[PDB]
file target.pdb (PDB, C-alpha atoms)
ATOM      1  CA  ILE A 521       1.645 -13.674 119.623  1.00  0.00           C
ATOM      2  CA  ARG A 522       1.173 -16.206 116.816  1.00  0.00           C
ATOM      3  CA  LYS A 523      -0.387 -15.910 113.364  1.00  0.00           C
ATOM      4  CA  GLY A 524      -1.221 -18.554 110.804  1.00  0.00           C
ATOM      5  CA  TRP A 525      -3.781 -20.760 109.114  1.00  0.00           C
ATOM      6  CA  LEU A 526      -6.141 -22.830 111.254  1.00  0.00           C
ATOM      7  CA  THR A 527      -9.048 -25.048 110.232  1.00  0.00           C
ATOM      8  CA  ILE A 528     -12.474 -24.977 111.882  1.00  0.00           C
ATOM      9  CA  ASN A 529     -14.500 -28.169 111.475  1.00  0.00           C
ATOM     10  CA  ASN A 530     -17.734 -26.952 113.135  1.00  0.00           C
ATOM     11  CA  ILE A 531     -19.348 -24.265 110.966  1.00  0.00           C
ATOM     12  CA  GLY A 532     -23.059 -23.748 110.359  1.00  0.00           C
ATOM     13  CA  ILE A 533     -24.329 -25.781 107.418  1.00  0.00           C
ATOM     14  CA  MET A 534     -25.348 -22.651 105.493  1.00  0.00           C
ATOM     15  CA  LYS A 535     -21.650 -21.823 104.964  1.00  0.00           C
ATOM     16  CA  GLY A 536     -19.774 -25.127 105.096  1.00  0.00           C
ATOM     17  CA  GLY A 537     -18.645 -27.773 107.501  1.00  0.00           C
ATOM     18  CA  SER A 538     -14.851 -27.419 107.439  1.00  0.00           C
ATOM     19  CA  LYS A 539     -12.981 -24.286 106.393  1.00  0.00           C
ATOM     20  CA  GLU A 540      -9.512 -22.838 106.908  1.00  0.00           C
ATOM     21  CA  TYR A 541      -9.332 -19.339 108.418  1.00  0.00           C
ATOM     22  CA  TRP A 542      -6.456 -17.023 109.261  1.00  0.00           C
ATOM     23  CA  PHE A 543      -6.016 -16.673 113.025  1.00  0.00           C
ATOM     24  CA  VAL A 544      -3.979 -14.079 114.930  1.00  0.00           C
ATOM     25  CA  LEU A 545      -3.440 -14.850 118.622  1.00  0.00           C
ATOM     26  CA  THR A 546      -2.480 -11.936 120.878  1.00  0.00           C
ATOM     27  CA  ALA A 547      -2.851 -11.072 124.548  1.00  0.00           C
ATOM     28  CA  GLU A 548      -5.263  -8.260 123.634  1.00  0.00           C
ATOM     29  CA  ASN A 549      -7.571 -10.167 121.268  1.00  0.00           C
ATOM     30  CA  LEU A 550      -7.964 -13.374 119.253  1.00  0.00           C
ATOM     31  CA  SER A 551      -8.659 -12.030 115.764  1.00  0.00           C
ATOM     32  CA  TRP A 552     -10.169 -14.206 113.015  1.00  0.00           C
ATOM     33  CA  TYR A 553      -9.858 -13.405 109.299  1.00  0.00           C
ATOM     34  CA  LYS A 554     -11.140 -14.988 106.103  1.00  0.00           C
ATOM     35  CA  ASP A 555      -7.665 -14.542 104.576  1.00  0.00           C
ATOM     36  CA  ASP A 556      -4.053 -13.703 105.428  1.00  0.00           C
ATOM     37  CA  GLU A 557      -4.286  -9.993 104.550  1.00  0.00           C
ATOM     38  CA  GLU A 558      -5.428  -9.082 108.093  1.00  0.00           C
ATOM     39  CA  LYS A 559      -7.953  -6.652 106.591  1.00  0.00           C
ATOM     40  CA  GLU A 560     -11.411  -8.040 107.402  1.00  0.00           C
ATOM     41  CA  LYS A 561     -11.175  -8.278 111.209  1.00  0.00           C
ATOM     42  CA  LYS A 562     -14.466 -10.156 110.980  1.00  0.00           C
ATOM     43  CA  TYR A 563     -14.548 -10.923 114.704  1.00  0.00           C
ATOM     44  CA  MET A 564     -12.358 -11.319 117.775  1.00  0.00           C
ATOM     45  CA  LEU A 565     -12.538 -13.727 120.701  1.00  0.00           C
ATOM     46  CA  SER A 566     -11.719 -12.607 124.232  1.00  0.00           C
ATOM     47  CA  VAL A 567      -8.280 -13.561 125.542  1.00  0.00           C
ATOM     48  CA  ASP A 568      -8.751 -13.324 129.307  1.00  0.00           C
ATOM     49  CA  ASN A 569     -12.285 -14.759 129.523  1.00  0.00           C
ATOM     50  CA  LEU A 570     -11.674 -17.601 127.046  1.00  0.00           C
ATOM     51  CA  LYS A 571     -10.522 -21.057 128.147  1.00  0.00           C
ATOM     52  CA  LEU A 572      -8.762 -23.991 126.497  1.00  0.00           C
ATOM     53  CA  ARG A 573     -10.345 -27.445 126.595  1.00  0.00           C
ATOM     54  CA  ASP A 574      -9.200 -30.922 125.610  1.00  0.00           C
ATOM     55  CA  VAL A 575     -11.515 -33.388 123.864  1.00  0.00           C
ATOM     56  CA  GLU A 576     -12.431 -36.797 125.261  1.00  0.00           C
ATOM     57  CA  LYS A 577     -11.738 -40.117 123.582  1.00  0.00           C
ATOM     58  CA  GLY A 578     -14.301 -40.756 120.845  1.00  0.00           C
ATOM     59  CA  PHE A 579     -13.795 -37.641 118.726  1.00  0.00           C
ATOM     60  CA  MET A 580     -12.452 -38.024 115.190  1.00  0.00           C
ATOM     61  CA  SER A 581      -8.782 -38.448 116.063  1.00  0.00           C
ATOM     62  CA  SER A 582      -7.315 -38.411 112.552  1.00  0.00           C
ATOM     63  CA  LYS A 583      -7.191 -34.639 112.970  1.00  0.00           C
ATOM     64  CA  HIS A 584      -5.595 -33.250 116.122  1.00  0.00           C
ATOM     65  CA  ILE A 585      -8.344 -31.477 118.036  1.00  0.00           C
ATOM     66  CA  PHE A 586      -8.753 -29.008 120.894  1.00  0.00           C
ATOM     67  CA  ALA A 587     -11.501 -26.567 121.830  1.00  0.00           C
ATOM     68  CA  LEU A 588     -12.075 -22.986 122.923  1.00  0.00           C
ATOM     69  CA  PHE A 589     -14.944 -22.250 125.297  1.00  0.00           C
ATOM     70  CA  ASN A 590     -16.369 -19.602 127.601  1.00  0.00           C
ATOM     71  CA  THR A 591     -18.967 -19.927 130.357  1.00  0.00           C
ATOM     72  CA  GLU A 592     -18.753 -16.769 132.513  1.00  0.00           C
ATOM     73  CA  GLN A 593     -20.565 -14.343 130.178  1.00  0.00           C
ATOM     74  CA  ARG A 594     -23.582 -14.379 127.882  1.00  0.00           C
ATOM     75  CA  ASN A 595     -21.211 -13.791 124.932  1.00  0.00           C
ATOM     76  CA  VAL A 596     -20.221 -17.373 124.117  1.00  0.00           C
ATOM     77  CA  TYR A 597     -19.517 -16.832 120.395  1.00  0.00           C
ATOM     78  CA  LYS A 598     -22.557 -18.959 119.352  1.00  0.00           C
ATOM     79  CA  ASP A 599     -21.000 -22.073 120.981  1.00  0.00           C
ATOM     80  CA  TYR A 600     -20.190 -23.988 117.810  1.00  0.00           C
ATOM     81  CA  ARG A 601     -19.475 -26.998 120.040  1.00  0.00           C
ATOM     82  CA  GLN A 602     -17.458 -24.764 122.380  1.00  0.00           C
ATOM     83  CA  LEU A 603     -15.275 -23.472 119.465  1.00  0.00           C
ATOM     84  CA  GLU A 604     -13.716 -26.785 118.486  1.00  0.00           C
ATOM     85  CA  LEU A 605     -10.489 -26.215 116.534  1.00  0.00           C
ATOM     86  CA  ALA A 606      -8.396 -28.757 114.640  1.00  0.00           C
ATOM     87  CA  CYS A 607      -4.985 -29.095 112.997  1.00  0.00           C
ATOM     88  CA  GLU A 608      -3.129 -31.606 110.847  1.00  0.00           C
ATOM     89  CA  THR A 609      -0.521 -32.401 113.528  1.00  0.00           C
ATOM     90  CA  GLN A 610      -0.183 -32.346 117.305  1.00  0.00           C
ATOM     91  CA  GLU A 611       2.656 -29.811 117.087  1.00  0.00           C
ATOM     92  CA  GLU A 612       0.334 -27.151 115.662  1.00  0.00           C
ATOM     93  CA  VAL A 613      -2.244 -27.804 118.393  1.00  0.00           C
ATOM     94  CA  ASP A 614       0.403 -27.573 121.117  1.00  0.00           C
ATOM     95  CA  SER A 615       1.867 -24.395 119.611  1.00  0.00           C
ATOM     96  CA  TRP A 616      -1.600 -22.840 119.527  1.00  0.00           C
ATOM     97  CA  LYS A 617      -2.329 -23.863 123.123  1.00  0.00           C
ATOM     98  CA  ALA A 618       1.025 -22.452 124.272  1.00  0.00           C
ATOM     99  CA  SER A 619       0.245 -19.219 122.427  1.00  0.00           C
ATOM    100  CA  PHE A 620      -3.129 -19.012 124.182  1.00  0.00           C
ATOM    101  CA  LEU A 621      -1.348 -19.561 127.501  1.00  0.00           C
ATOM    102  CA  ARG A 622       1.090 -16.744 126.715  1.00  0.00           C
ATOM    103  CA  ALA A 623      -1.774 -14.454 125.679  1.00  0.00           C
ATOM    104  CA  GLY A 624      -3.420 -14.944 129.071  1.00  0.00           C
ATOM    105  CA  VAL A 625      -5.744 -17.886 128.475  1.00  0.00           C
ATOM    106  CA  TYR A 626      -5.784 -20.049 131.581  1.00  0.00           C
ATOM    107  CA  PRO A 627      -5.462 -23.850 131.493  1.00  0.00           C
ATOM    108  CA  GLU A 628      -8.513 -26.027 132.043  1.00  0.00           C
TER     109      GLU A 628
END
call {"tool": "encode", "arguments": {"input": "target.pdb", "output": "structure tokens"}}
result
Amino acid sequence: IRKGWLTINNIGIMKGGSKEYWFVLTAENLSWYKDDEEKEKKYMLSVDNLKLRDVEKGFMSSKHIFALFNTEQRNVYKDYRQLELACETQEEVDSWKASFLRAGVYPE
């Protein structure tokens, strides 16, 4: 539904803390790539089982932040703080959230 660059701020210390990844959001799958060639298909998140979450006051609010989480299945994607995602502006976060809603991701 929507493709573009998207930063993750919660990554295991053996790789790095913050890195930009290519993200493709569809109703069938949420596919994450190291680059914009759409060749690696490193992993995919579930669309219908995944949920959007807002973050409470107290998080680092210079970046615009939201989160992806799942609780119904054992496959919780390693729960890197319930897949916290961040963008430079609120418009990117809202466009992502709307794309998740169109894919089939339910609101909180």
call {"tool": "closest_residue", "arguments": {"input": "target.pdb", "among": "A:530, A:566, A:522, A:608", "to": "residue 595 in chain A", "atoms": "all atoms listed in the file"}}
result
A:566
call {"tool": "closest_residue", "arguments": {"input": "target.pdb", "among": "A:612, A:571, A:617, A:556", "to": "residue 591 in chain A", "atoms": "all atoms listed in the file"}}
result
A:571
call {"tool": "resolve_selection", "arguments": {"input": "target.pdb", "expression": "the PyMOL selection byres ((chain A and resi 549) around 8)", "output": "PyMOL selection string"}}
result
chain A and resi 545-548+550-551+564-567
call {"tool": "resolve_selection", "arguments": {"input": "target.pdb", "expression": "the PyMOL selection byres ((chain A and resi 627) around 9)", "output": "JSON, numbers by chain"}}
result
{"A": [571, 572, 573, 617, 621, 625, 626, 628]}
call {"tool": "resolve_selection", "arguments": {"input": "target.pdb", "expression": "the PyMOL selection byres ((chain A and resi 582) around 10)", "output": "list in words"}}
result
residues 579, 580, 581, 583, 584, 585, 606, 607, 608 and 609 of chain A
call {"tool": "residues_around", "arguments": {"input": "target.pdb", "residues": "residue 593 in chain A", "least_positions_apart": "5", "cutoff": "12 Å", "atoms": "only C-alpha atoms", "output": "MDAnalysis selection string"}}
result
chainID A and resid 566 568:570 598
call {"tool": "residues_around", "arguments": {"input": "target.pdb", "residues": "range 557-560 of chain A", "least_positions_apart": "3", "cutoff": "12 Å", "atoms": "all atoms listed in the file", "output": "compact mmCIF listing (two decimals) with C-alpha atoms, in the coordinates of the input"}}
result
# COMPACT_ATOMS: atom_id res chain seq x y z
CA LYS A 523 -0.39 -15.91 113.36
CA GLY A 524 -1.22 -18.55 110.80
CA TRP A 525 -3.78 -20.76 109.11
CA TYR A 541 -9.33 -19.34 108.42
CA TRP A 542 -6.46 -17.02 109.26
CA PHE A 543 -6.02 -16.67 113.02
CA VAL A 544 -3.98 -14.08 114.93
CA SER A 551 -8.66 -12.03 115.76
CA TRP A 552 -10.17 -14.21 113.02
CA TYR A 553 -9.86 -13.40 109.30
CA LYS A 554 -11.14 -14.99 106.10
CA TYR A 563 -14.55 -10.92 114.70
CA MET A 564 -12.36 -11.32 117.78
call {"tool": "atom_distance", "arguments": {"input": "target.pdb", "atom1": "CA of residue 576 in chain A", "atom2": "CA of residue 618 in chain A"}}
result
19.7 Å
call {"tool": "atom_distance", "arguments": {"input": "target.pdb", "atom1": "CA of residue 540 in chain A", "atom2": "CA of residue 594 in chain A"}}
result
26.6 Å
call {"tool": "atom_distance", "arguments": {"input": "target.pdb", "atom1": "CA of residue 578 in chain A", "atom2": "CA of residue 603 in chain A"}}
result
17.4 Å
